[PDB]
Amino acid sequence: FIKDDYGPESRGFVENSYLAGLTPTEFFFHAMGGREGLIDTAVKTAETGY
DNA sequence: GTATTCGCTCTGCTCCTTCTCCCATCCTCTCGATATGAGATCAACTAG
């Protein structure tokens with residue numbers, strides 16, 4: 001991306017469906033979001049269990 | 001003789017420092033590391 005690109009593509013809007021398939025940038029941004037979910041799931045457990 | 005201070009003490013108030021505590025449950029597997037006898041004392045015999 002160009003510098004200072006606040007457009008939807010650049011900042012992680014996946015304009016495709018799962019049937020259409022994600023583009024490589026959409027794939028990476030989606031992996032980032034899913035990683036957030038995985039970290040939350042793996043980090044909340046200790047602190048909720050305590 | 002009372003102002004007036006004034007030195008000194010008594011808390012007491014924030015704050016910074018220390019220190020001590022805690023950090024889900026359960027389960028499977030692999031892998032590495034991790035002396036000896038002589039003399040003395042005593043007590044049980046073991047008989048005289």
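A note on names: the letters A, B, ... follow the listed sequences, proteins ahead of strands, and every chain is numbered from 1. Note that these values count all heavy atoms, side chains included, but never hydrogens, waters or copies made by symmetry.
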Extract all donor-acceptor atom pairs below 3.5 Å that involve side chains of residues 36-50 of chain A and protein atoms in other chains or at least two apart in sequence.
from, atom 1, to, atom 2, distance (Å)
A/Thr41, OG1, A/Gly37, O, 3.2
A/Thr48, OG1, A/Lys44, O, 2.9

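Residues from residues 34-41 of chain A placing a heavy atom under 4.0 Å of any atom in DNA chain B do not occur.
Across B/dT41 and B/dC45, the matching P atoms stand 22 Å from one another, rounded to whole Å.
Nucleotide B/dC15 shows a negative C1'-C2'-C3'-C4' value and thus a south, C2'-endo-like sugar. Sugar conformation, B/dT25: north. The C1'-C2'-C3'-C4' torsion carries a positive sign. A negative value of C1'-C2'-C3'-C4' puts the sugar of B/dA44 in the south, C2'-endo-like family. The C1'-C2'-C3'-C4' dihedral of B/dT28 is positive. Its furanose therefore counts as north. In terms of the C1'-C2'-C3'-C4' torsion, B/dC27 has a north-puckered sugar. The angle is above zero.
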In 5'-to-3' order, the base (B), backbone-only (S) or no-contact (-) status of each nucleotide in nucleotides 20-25 of chain B, using a 4.0 angstrom heavy-atom cut-off, is --SSB-

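Taken from CZ in A/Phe28 to CZ in A/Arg35, the straight-line distance is 8.5 Å, to the nearest 0.5 Å.
Base pairing in DNA chain B yields no stem of at least 3 consecutive Watson-Crick or G-U pairs with both distances under 3.5 Å.
Counting only residues at least two apart or in different chains, side chain to side chain donor-acceptor pair (under 3.5 Å) contacts with residues 1-16 of chain A comprise A/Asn16-A/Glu26.
Contact of the A/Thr25 side chain with the A/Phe1 side chain is registered, since non-hydrogen atoms from C-beta on lie closer than 4.5 Å.
Neighbours B/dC23 and B/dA24 do not stack on each other, since their six-membered rings do not meet both centres under 5.5 Å apart and planes tilted under 30°.
For A/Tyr18, the ring-ring contact (aromatic ring centres under 6.0 Å, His included) criterion is met by A/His30, not counting sequence neighbours.
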